[PDB]
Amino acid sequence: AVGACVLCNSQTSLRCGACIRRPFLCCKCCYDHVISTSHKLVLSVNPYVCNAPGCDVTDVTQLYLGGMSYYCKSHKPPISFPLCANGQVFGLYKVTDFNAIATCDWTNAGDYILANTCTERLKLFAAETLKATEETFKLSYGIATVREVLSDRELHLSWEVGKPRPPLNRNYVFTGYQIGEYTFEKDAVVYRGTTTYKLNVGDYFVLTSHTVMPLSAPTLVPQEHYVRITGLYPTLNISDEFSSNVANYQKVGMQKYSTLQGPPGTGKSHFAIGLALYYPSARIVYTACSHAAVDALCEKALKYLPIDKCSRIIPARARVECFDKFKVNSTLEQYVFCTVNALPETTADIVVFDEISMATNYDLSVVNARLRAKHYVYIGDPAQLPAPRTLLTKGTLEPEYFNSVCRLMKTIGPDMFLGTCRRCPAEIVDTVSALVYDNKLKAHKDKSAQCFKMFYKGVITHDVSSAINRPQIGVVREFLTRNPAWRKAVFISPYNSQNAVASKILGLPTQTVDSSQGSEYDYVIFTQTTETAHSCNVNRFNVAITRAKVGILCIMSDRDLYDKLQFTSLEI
């Protein structure tokens, strides 16, 4: 029971027994918490509870100290001092924002705003409390017992009565029962096991709630500005390919951490791997939340970096197939590519954290606890999609609230900004530049004249809650008959059930806007499906239309975003 106060560091025996994370609170601050919240259970070696036999008084404001023991108003001895008085809770070694984080349900956007505007220790307290709240919530869902097996990619499921039905999509990974992690999509429902097994009827699944470890390290280390490149050793022979980023690689060696905002196709992967060619002796650990993001850095490194000093770190609990061309689990190779939850405890000359909009403050803190670096580089875009906040249902989370790094990029600006998009046709670049980049993103490519927009609301049907718009897929089908060059297009939409219907009807490869992030395709066919807050989200709209290298067809539902699209309009 010896610890430091999560609000003002003053050492204390006190801990809130009512907080899901039981934080150490100092006498002055513990009082300010118990007197202003429903939280009244205070904990030392012994809890502050009435010592009188069979007495259930556990509220610290209704208790007193009778010698060395604690009693309520009904049991206290004549000579007894209140545990709560004079702005303090009695203990050893004798805030509004802490209260809100400690008592919120994490379903309002204002909870996440506070978790990002508060002091650094309160950001970790919020990131711990939120992750633990999300984990306990995973226990509320029902068990799915297999009723029948149709084939190798088809089954019929039976659900637990009295417990809600969890959303069936790639965002929810089940744990088969100990027959490996599994995933589900749409009475014929498709089954996707991260481990191959002959689907057993009766054998059930559950969403494995992984234990929330405490956070020790800050989301961001304190900034340090240096007058010379510290601990890194540059070249003068630096390939003309990376010539554009040498002033920015020098900025990287002259600061503890640095932020890079890179709109779609501005050269983030290229910048990250080119930092390794600029400091060729420096040991670089490349990290991201997703395997897809780490694999995209592995693919760019395979082209420029020597394959022998590269290692792709794979956790023993191999979930889904990833990058195979590097020596696996060699923690000591000069270039280590690894996800945040799999990071080994090591040090580096540079740490590169990619797709920073997908990081939570919990992930930012873990990276600072597992890796001790000379320089930390955060690459990403606050105009792209953030991590899914499964408890959040009320309000929209703005980019300045995704994490501490995004909060910085949106307020003080990024340290470095990649201003030229080399991927998209100018129609797409001009549209997103105006929409999310204050007209600072410039098009390298010319207008392709293959970017079309069609205003068609169609009919919205719902597979539980994920939406379908068959008339919009019907418009795509009609378009494909007249534009067969578009046969090579990737179908993109904000809903997996729309994608499921369009895969059966169009036969095009499917992708949600969220799963398309980081990827590029020559042709993209996008159906907005609905005009909800989800399908109208500007960061999702930005990601959807910036996937295309050559042409895009947008079948829109929202008049607003249709009007903003600087594409050739089509009739039908």
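Residue positions are given as counts along the sequence shown, with the first one as 1. Just so we're on the same page, rigid core means the largest C-alpha set that superposes within 1.5 Å between forms.
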After core superposition, the stretch with larger RMS C-alpha deviation in 9 other deposited structures of this protein, comparing 21-29 and 553-561, is 21-29
Divergent stretch in 9 other deposited structures of this protein, 57-65 or 531-539 [C-alpha RMS, superposed by the core]: 57-65
Looking across the other entries that model both neighbours, is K76 missing in at least a third? no
Should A318 be counted as unmodelled in at least a third of the other PDB entries compared? yes
Where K94 meets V95 in the shown sequence, the number of deposited residues left unmodelled: 4 to 9
Between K186 and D187, the number of deposited residues left without coordinates comes to 4 to 9
Of 297-305 and 421-429, the one with larger mean CA B-factor: 297-305
Stretch with the higher entry mean CA B-factor, where the candidates are 129-137 and 377-385: 129-137
Can you pull the Cα B-factors for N86, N361, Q498, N368 from the entry and say which is highest? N86
So if I compare the CA B-factors in the entry for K445, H462, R477, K198, which one is the largest? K198
Modelled-residue ranking by C-alpha temperature factor, third containing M68: highest
Please place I314 in the lowest, middle or highest third of its chain according to the CA B-factor in the PDB entry. highest
Sorting the chain's modelled residues by C-alpha B-factor, tell me whether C55 ends up in the lowest, middle or highest third. middle
Among all modelled residues of this chain, ranked by Cα B factor, put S38 in the bottom, middle or top third, i.e. lowest, middle or highest. middle
Considering every modelled residue of the chain and its Cα B-factor in the PDB entry, is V524 in the lowest, middle or highest third? lowest
